[PDB]
Amino acid sequence: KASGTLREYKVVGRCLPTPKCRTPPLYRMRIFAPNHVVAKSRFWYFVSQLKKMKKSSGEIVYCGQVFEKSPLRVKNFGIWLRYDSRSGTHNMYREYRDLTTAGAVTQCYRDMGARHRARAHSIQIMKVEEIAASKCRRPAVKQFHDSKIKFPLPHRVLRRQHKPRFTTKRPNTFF
Amino acid sequence: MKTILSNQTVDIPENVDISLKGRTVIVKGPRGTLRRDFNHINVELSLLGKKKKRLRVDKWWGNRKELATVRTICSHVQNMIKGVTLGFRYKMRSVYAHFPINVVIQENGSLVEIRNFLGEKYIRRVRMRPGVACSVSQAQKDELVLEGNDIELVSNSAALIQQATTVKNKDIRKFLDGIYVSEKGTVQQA
Amino acid sequence: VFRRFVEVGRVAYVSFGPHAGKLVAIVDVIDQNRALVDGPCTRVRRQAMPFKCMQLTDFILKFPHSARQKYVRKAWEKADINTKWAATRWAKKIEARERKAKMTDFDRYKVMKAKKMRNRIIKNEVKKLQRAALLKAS
Amino acid sequence: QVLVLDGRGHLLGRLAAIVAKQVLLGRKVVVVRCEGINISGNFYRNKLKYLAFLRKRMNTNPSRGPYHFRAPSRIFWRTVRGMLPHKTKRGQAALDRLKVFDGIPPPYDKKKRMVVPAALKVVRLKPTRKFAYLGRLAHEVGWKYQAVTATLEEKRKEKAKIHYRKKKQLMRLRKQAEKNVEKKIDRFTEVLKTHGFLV
RNA sequence: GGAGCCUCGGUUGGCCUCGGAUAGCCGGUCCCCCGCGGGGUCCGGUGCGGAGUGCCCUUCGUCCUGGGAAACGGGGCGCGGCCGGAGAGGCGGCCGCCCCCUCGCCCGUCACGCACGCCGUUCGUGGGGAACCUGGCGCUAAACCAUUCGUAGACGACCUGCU
RNA sequence: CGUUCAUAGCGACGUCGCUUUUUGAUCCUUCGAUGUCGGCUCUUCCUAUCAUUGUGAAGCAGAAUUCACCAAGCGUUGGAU
RNA sequence: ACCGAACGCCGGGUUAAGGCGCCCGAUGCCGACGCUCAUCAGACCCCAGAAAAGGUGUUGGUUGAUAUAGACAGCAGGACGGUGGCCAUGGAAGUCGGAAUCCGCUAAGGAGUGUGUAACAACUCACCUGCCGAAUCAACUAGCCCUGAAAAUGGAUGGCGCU
RNA sequence: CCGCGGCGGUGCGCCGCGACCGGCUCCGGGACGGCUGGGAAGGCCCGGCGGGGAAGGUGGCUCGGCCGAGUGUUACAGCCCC
Ligand SMILES: [Mg+2]
Ligand SMILES: [Mg+2]
Ligand SMILES: [Mg+2]
Ligand SMILES: [Mg+2]
């Protein structure tokens, strides 16, 4: 895999039926992926690690997007992981604070890139769970649990640095 | 990570007056003024209260090393206040096994000659950091007193005369000679 | 020595982005560098918007930290923010900067003529004031 | 037609970049008060980095060698010339448009002198980072004329104070004169605020 | 003042505070200190900067006459005095006297090859350099060679002497 | 081991390195020829520091001394075979 | 000799691989999220350079703990008796070593962490209080940074430079 | 010779235009299908039914002029949220 911004996909699939299994059991997976074509690949990869079930043995029954039913809320996601190291694999549990499960998943991947130089193919998302204000462990997130939350905007470095490339005025960063 | 706000108070007492021009605390009171510029520390020195009763030092969005100044500024401001109110008096005894360490201030508390250390012909003339003044003690025998308002300037000037008296090429476990700083104090307690 | 603060219910002018030139009252801060924002009256949807873009005003209307659009709308219309904004120097000097930009090449000429004259009537008056200040000094 | 940039508070190689490209487009550029220019990263760091550059020299005949200028003007001009094609004619032609100065002398002391914000320390460094002043760096590396440049520049700033003061006085007269006059200029000034000035 | 090769770029100006950035800018001081200014406090204003380079200045057809608003401003490479400027000054400013004009803003009122749809127009410009015709006031050589010297010298170079 | 005490100074059993002032491997370059060893003279460079500067260490009391740092500024000699 | 792509002579368009401070065509995006400061920073297949082992530098994880039954650090108080306990005498009454390794008083102290003794003594190191007053500590792990890291003409992320 | 009538090919040199076709490269408009017969939202509100942050509340303390601001506790709804 790679990225861009992920979505959620509900893939479901079954080992396709034989004489010896006339109505095989469907399976479902929260895939997070930049598009349905890869979602489905990703689905298989996971299924096969779990069940004896390869793409050629099976079919994907229903792959489709899953939209955030609470977009305009802001939520704290816990999110459990299983990345790889330059050494051996680890598990983690990180927390993000976002408007959409996708958003938080993407916002995870990026972080893992930064904090651990973990590429996507290295990473497995095992669950993403919206959470209460409480239950949140990470004080990164918990500093945004406040009702009278206030902060200034301090050394507010200018952009538009080349609009006026040259000029009279030295700028001003206090706002 | 970044921390949305840390901050701290300093109770300035009624004896003192403090101002602040921007980020440059100025402290005056009994013994005189003591300024200190904190351009280099990136904080919001809110002086607040009627009767101007406390200084308060914000720090928004600090990462670990940024936050750690917050206190240190505050601490430097107490010590400013302290010197204005009380003063600093760094006592330093002379310690020698044989050659007594003959000290003699000169200009006022500025110069400090230090003859017959280890029997050395060389006399260690030691100026002070200006604002400080050494003197010799009465009552206690082998003993200086470095009075001054600015802690930094005092302590530095102490060290100077601590360091002047070192031994070269010998075993300092054995050769325990010199002036060393016995006690850090004030000019008047209250 | 700060004055404008990212609060719940602080009004923000949006410097740039899609909704530039529009006001918007922060509902709620999601993140270190991203706020969940609203502009009920101003024609801006409940949406996340980063701080990067939203330079922020002296106004702060008062509703609860996670409002439901109706209620921040009510807050807005009560305080008459949209009037108050428009009588601010800021929003006036936006309009000013809009109106110079709109200027037709005919208007441009008109203006040019006007200022040509309007500067002359000052420059003489300045001359006089200088001449009179020299007489006082003598 | 001429760019005069106050070198002060820029980042050495940042401003150089802009200047280079300008100079190659045929803009006659003058930088000025270079010794104000400040290089990112802490001092000791950069002094060491200049001291490498002084270590460089042709063994057999140093006299031929990389010509380590010590003057902070030259030092800037060297780093522009590193961002030009200076062996060619067009690169040398460009470099003859750049004019640099140790402090700021008579033709440009009385000129509105620009700033490039993209080169500006207060914009490009984080405020928790160290940086050399070039002035210092030159100084310790062999530049003579620091004090002389400084002490001429005090005399420049004193003279400028006076100019500014007198400007302020004329501005105050204008403001007063408009208030004296307003009623006889009303039906101009009005039109300048219907077409977007004055407000 | 007249022609006449050549070299080219250009095709309104901006005549200046210092600087700060977890801050600034301007006022006015009722009040206090210093040398009309400087410093201070206090208060009043601005501050996504309008006392803004997102800016400011300047106008871009010519003339006529015959009203208004604005009005003593402009000129004659007009002419004499007093200044400031040394970082590579190279530029201003302010004061006397002579003559001439009615310029900016609105309008009336006509006319100016209107060259008949069509390109390098429009300026800095009396530009930089070279050769040629006019007036006024000034000027009146050193260098090299040869000769000499020996503080010098392979040769040149150098150091000296000669109504 | 070091009276004692693993680490002042050492360091087995093991292990990881750097270096090209050793020698090997190798055979790319040169056999229409790159003068084949030393010494002499002269310059310069390196540091992996013997000495000298300034320093930390000791089983440094002084004296002598090892161990380590900054350090290549300046030295590093005359002779018998 | 890699990666892209394989050639008649050209106009327009588009691409690959690689790029886009400037050298140098293109980021002069108000590009997004982190991490990171190096007195030897780093900076892109083949490739032209480093390891084991360390680091309260910082940033993440993992697992345990602690704890208003009153902590954690910081200072203050005690650290005993059965007991020269057994083996070892060369002396080990806790203390060159080794098998042991329990009870009493307990608030609580190990048949004892060290320091020191020929051997003791003496000193030192739990459990609890007072001031104190809410959170605090350990072991792992992995990202960037650092230590580990020495060569000879002056020198090479291609250069300038870049935080 | 004047007709530059009709046709055919041409222009001395420099240029400009126009409409048509080929190819590109962009721009501005509108109309539709599908989906969890899209998700959220908006707007009118009514009836209930609980749960939580934390409130026109109260309370200890602090800071300003009974009122305003800042912390703290139990927590109904006379701020909202679910
Ligand atoms: Mg032993
Ligand atoms: Mg040869
Ligand atoms: Mg070394
Ligand atoms: Mg010794």
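Just so it is clear, none of the values below were taken in a lab; they were calculated from the coordinates. Cβ coordinates were reconstructed from backbone atoms using ideal geometry, including for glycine residues, and neighbour counts include every protein chain displayed.
Here B:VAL132, B:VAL145 are screened, and the one residue that is away from RNA strand F (no atom under 16 Å from the Cβ), surrounded by 17 or more Cβ atoms within 10 Å (Cβ to Cβ) and within 17 Å of B:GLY32 (Cβ to Cβ) is B:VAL132.
Summed over segment B:158-176, the residues that are touching a residue at least 60 places away in the same chain (Cβ under 8 Å) and either of a type in the set (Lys, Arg) or more than 16 Å from ligand 4 (Cβ to nearest atom) (or both) give a count of 5. Kindly establish whether C:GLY17 is assigned to a loop (DSSP other than H, G, I, E, B) and more than 13 Å from chain A (Cβ to nearest Cβ). So C:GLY17 fails the test.
The residues in segment B:170-184 that are more than 13 Å from RNA strand F (Cβ to nearest atom) and of a type in the set (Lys, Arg) can be counted, and the count is 1.
Annotation note: of D:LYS161, D:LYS179, D:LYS168, D:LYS126, the sole residue that is surrounded by fewer than 11 Cβ atoms within 10 Å (Cβ to Cβ) and under 20 Å from the mean Cα position of the chain (by Cα) is D:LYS161. When C:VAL8 is tested against the conditions (1) surrounded by fewer than 19 Cβ atoms within 10 Å (Cβ to Cβ); (2) touching a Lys or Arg at 6+ places or on another chain (Cβ under 8 Å), the lone failure is (1). Scanning segment D:174-199 for residues that are within 7 Å of chain C (Cβ to nearest Cβ), over 15 Å from C:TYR109 (Cβ atoms) and part of a helix (DSSP H, G or I) turns up D:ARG174, D:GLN176, D:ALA177, D:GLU178, D:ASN180, D:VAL181, D:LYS184, D:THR189. Within segment A:117-175, the set of residues being under 19 Å from A:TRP80 (Cβ atoms), in contact with a helix residue (DSSP H, G or I) (Cβ under 7 Å, 6 or more places away or on another chain) and β-branched (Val, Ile, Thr) comprises A:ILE123, A:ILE125, A:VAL128. Checking each residue of segment A:7-19 against the condition of being polar (S, T, N, Q) and surrounded by 14 or more Cβ atoms within 10 Å (Cβ to Cβ) gives no match. On inspection, D:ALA132 fails the criterion of being within 11 Å of RNA strand G (Cβ to nearest atom), within 14 Å of chain A (Cβ to nearest Cβ) and not in a loop (DSSP other than H, G, I, E, B). For the structure I just gave you, tell me whether A:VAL47 is crowded, with 17+ Cβ neighbours inside 10 Å and not in a strand (DSSP E or B). Yes; evaluated as a whole, the condition is true for this residue.
Remark: pairs (first residue in segment D:154-177, farther than 17 Å from D:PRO106 by Cα; second residue more than 6 Å from RNA strand E (Cβ to nearest atom) and among the β-branched types (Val, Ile, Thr); Cβ separation under 9 Å; 6+ apart in sequence or on different chains) = D:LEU170/C:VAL126; D:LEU173/C:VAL126; D:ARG174/C:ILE122; D:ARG174/C:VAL126; D:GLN176/C:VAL126; D:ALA177/C:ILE122; D:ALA177/C:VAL126. Looking at A:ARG170, A:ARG156, A:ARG119, A:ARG165 in this structure, which one is more than 16 Å from RNA strand E (Cβ to nearest atom) and among the basic types (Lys, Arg)? It is A:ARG119. When B:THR9 is tested against (1) of a type outside the set (A, V, I, L, M, F, W, C); (2) within 16 Å of RNA strand G (Cβ to nearest atom); (3) within 14 Å of chain A (Cβ to nearest Cβ), only condition (3) is not met.
A single member of B:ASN169, B:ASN102 is surrounded by fewer than 14 Cβ atoms within 10 Å (Cβ to Cβ) and on the phi > 0 side of the Ramachandran plot, and it is B:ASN169. Selection within segment A:131-153: residues that are aliphatic (A, V, I, L, M) and loosely packed, with under 14 Cβ neighbours inside 10 Å. The member of this set that is nearest to RNA strand E (Cβ to nearest atom) is A:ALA133. In the set (1) within 21 Å of C:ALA91 (Cβ to Cβ); (2) touching a residue at least 40 places away in the same chain (Cβ under 8 Å), the condition left unmet by C:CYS53 is number (2).
Restricting D:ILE75, D:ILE18, D:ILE39 to residues that are more than 14 Å from chain A (Cβ to nearest Cβ), more than 11 Å from D:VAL100 (Cβ to Cβ) and surrounded by 21 or more Cβ atoms within 10 Å (Cβ to Cβ) narrows the list to D:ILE39.
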